[PDB]
Structure formats: structure tokens, C-alpha cells
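Going by UniProt numbering, 47 is the number at position 47 of the sequence shown; the sequence numbering is gapless.
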Amino acid sequence: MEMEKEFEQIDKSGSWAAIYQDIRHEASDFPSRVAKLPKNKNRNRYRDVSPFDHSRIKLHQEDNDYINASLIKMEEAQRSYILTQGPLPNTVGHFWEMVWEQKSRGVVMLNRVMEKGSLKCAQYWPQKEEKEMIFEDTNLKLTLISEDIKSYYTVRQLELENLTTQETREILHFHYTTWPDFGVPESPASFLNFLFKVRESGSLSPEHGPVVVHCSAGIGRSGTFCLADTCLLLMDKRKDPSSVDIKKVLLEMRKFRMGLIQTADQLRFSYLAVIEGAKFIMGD
């Protein structure tokens, strides 16, 4: 069923809450034993958001290999993503260790450091060129190279140096700065424009490691980003674009991380984004 007609059907009948609860009921349940070990309590932001054991990213260290991060591997679309929580004061060094070890080119941030008067993640990158950051626990140096501030997003060029080997790499930071404190955006236009800038940079392409994408918990806004990207790519690849089933794609992604798409409003917004974005994929 053309998702555009499915959309009007659900909208007129006002059944978004019912549709969303069906997804919650059918979603996969896999163990997350490592996340729940006592030694990892201060590595998790939220008690009820954990990576599954089978898809979690492992840090390359013998001490403690745990980070709250998951590999979402989309086989037909030929795209992979790492979804993670906003870094905590005690995990900023782990976060950049992951970026280094997984050979990522881009980091996608979908929240502000403070929202609703509370801290949603650590200030984990430098704000001034001449004030670099050193992460002593993981032996990395991070320098701000340039910053481009736009009305709806900011793009930063960063240099990450492995102090052990003195290799350096350029990382691109894509920061969507205008998601509202409550609800979802009224129009998907600026979110889609942002997605296309990430694509244009190479950060999603197979010559690099998977992009790292986060919000506060790494499941809601973060799930909207990867769901929209994968659905649009499938509509490009297939003979019949109307065969793409957003609910089925979301359930596939939920095999790799729990809770993706946190509200019925985020589900509706994901539909709207794919419907409007297709009016470029289909040619325009």
C-alpha cells in the first residue's frame, strides 16, 4: 500500500496511538546482560535504554569493553549506523575511542546540550580552536578546526589524534540545533535538508566506517534519522517504490536496538519525512 494513502487513512481515523502500540508489541526482545552488570551503572544514562548483547559495539580494551551503543546493519539497503546515547561526563573518552576504532567519518547530533532546563549530554567537543581537549583515559586529542553556523544546523570540522601513534583523522560533526523541546517539527523540510547535507559529505558511504548518530537516549530522534534515510534509499533501489513498508523497516531496525521511535508523534513525523522526501528520490 502506498504509504501516502496509508498515512491519510490513519490520520482521518486518528489511530496513530494504535498503530504505534502494535509496533511496540511485535518488537524484538533480546538480552542486554552486559549493560546491566554493576560495573557499568555509571556508563548508562537511562536505566530502561540498553544495547542488546548481540549488536553492541565493543571498545578495544581488555579492562572494560562496554559502551551504550548499537550497530544497526541494514542488509538490503547496504547502509550501517551506530546509534548511541549522548555521552556522559564519565564516557566522553569512550565515545571518541569508539569513533576512532570504528573508522567513522561523521558524528550526527540531534539534541542540544541543555533542553527543558536540564543537561541532555556532556559538552564533548571543543568550542574554540585554541582550546583543544585531551581525553587521558583513552589517549586521544580533539581540536576544533572550523565551524559553520546555519539557521537550522551547524557543521564542524574536527581533528582527532591518536596520541599513542600520532595518526590524525578529520571528523565531521553535523549538529541539528532546532528540534523543539516538546513534540516534533511541524514540517520535515529542514530535517530532510539536514539529512541530505550529511549524505553529501560522504559520512554515510561504504568507504568509511558507520556514522555515529545520537540524541539524549539514542532511540527517538536518532531512530527517525536512520529510518528516514533507509526508507528513501530503498525507494531508489527497488523496481516498485510503493512496496517500501515503513513499519516493516522499523521492526527490522528494532532487531538491533530497542525502543527506536519513542512516541506516536515521532512515528507520524517519520512517515511525513519519507513521503515528502520521495518527491526528490523519484526524480525531482
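Just so you know, even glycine gets a beta-carbon here, dropped at the ideal spot from N, CA and C.
Nearest to residue i (by Cα), restricted to the options the options
{"i": "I281", "options": "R238, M74 and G93", "result": "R238"}
{"i": "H173", "options": "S216, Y124, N139 and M133", "result": "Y124"}
{"i": "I219", "options": "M1, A69 and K12", "result": "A69"}
{"i": "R45", "options": "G106, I57 and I67", "result": "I67"}
{"i": "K41", "options": "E4, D29 and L88", "result": "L88"}
{"i": "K103", "options": "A189, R169 and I134", "result": "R169"}
{"i": "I82", "options": "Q61, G93 and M109", "result": "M109"}
{"i": "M98", "options": "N162, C121 and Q127", "result": "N162"}
{"i": "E115", "options": "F182, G14 and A189", "result": "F182"}
{"i": "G106", "options": "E207, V244, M1 and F269", "result": "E207"}
{"i": "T263", "options": "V184, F135 and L233", "result": "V184"}
{"i": "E26", "options": "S32, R33 and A18", "result": "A18"}
{"i": "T224", "options": "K120, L119, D265 and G93", "result": "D265"}
{"i": "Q61", "options": "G93, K36, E8 and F194", "result": "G93"}
Distance, residue j Cα to residue i Cα
{"i": "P38", "j": "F95", "result": "20 Å"}
{"i": "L144", "j": "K131", "result": "8 Å"}
{"i": "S216", "j": "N64", "result": "23 Å"}
{"i": "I57", "j": "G277", "result": "31 Å"}
{"i": "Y271", "j": "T138", "result": "40 Å"}
{"i": "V155", "j": "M74", "result": "26 Å"}
{"i": "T178", "j": "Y152", "result": "6 Å"}
{"i": "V49", "j": "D148", "result": "33 Å"}
{"i": "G283", "j": "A77", "result": "19 Å"}
{"i": "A273", "j": "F52", "result": "28 Å"}
{"i": "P241", "j": "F30", "result": "31 Å"}
{"i": "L59", "j": "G86", "result": "17 Å"}
{"i": "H214", "j": "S222", "result": "6 Å"}
{"i": "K247", "j": "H54", "result": "23 Å"}
{"i": "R199", "j": "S205", "result": "8 Å"}
{"i": "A122", "j": "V212", "result": "16 Å"}
{"i": "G117", "j": "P180", "result": "13 Å"}
{"i": "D245", "j": "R43", "result": "35 Å"}
{"i": "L160", "j": "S32", "result": "31 Å"}
{"i": "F135", "j": "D22", "result": "44 Å"}
{"i": "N111", "j": "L232", "result": "23 Å"}
{"i": "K279", "j": "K128", "result": "40 Å"}
{"i": "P126", "j": "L142", "result": "7 Å"}
{"i": "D11", "j": "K150", "result": "33 Å"}
{"i": "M1", "j": "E167", "result": "51 Å"}
{"i": "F269", "j": "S13", "result": "17 Å"}
CB-CB length for residue i against residue j, believed under 8 Å
{"i": "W100", "j": "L267", "result": "Rounded, the Cβ-Cβ distance is 34 Å, inconsistent with contact."}
{"i": "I261", "j": "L250", "result": "6 Å"}
{"i": "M258", "j": "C226", "result": "So it is not a contact: roughly 14 Å between Cβ atoms."}
{"i": "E4", "j": "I171", "result": "Actually they are not in contact, since the Cβ atoms of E4 and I171 sit about 37 Å apart, beyond 8 Å."}
{"i": "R24", "j": "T230", "result": "Contact flag wrong, Cβ pair sits at about 20 Å."}
DSSP beta-bridge partners of residue i
{"i": "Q157", "result": "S146 and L172"}
{"i": "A69", "result": "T84"}
{"i": "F256", "result": "Paired residues: none, contrary to the question."}
{"i": "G209", "result": "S104"}
{"i": "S118", "result": "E115"}
{"i": "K141", "result": "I134 and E161"}
{"i": "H214", "result": "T84 and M109"}
{"i": "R79", "result": "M74"}
(request) Let me know the beta strand (DSSP E) ranges lying completely inside the stretch 164-200, each 3 residues or longer, listed in chain order. (result) 168-176
(message) List, from N- to C-terminal side, the beta strand (DSSP E) runs of 3 residues or more that fit wholly inside the stretch 9-64.
(response) 56-58
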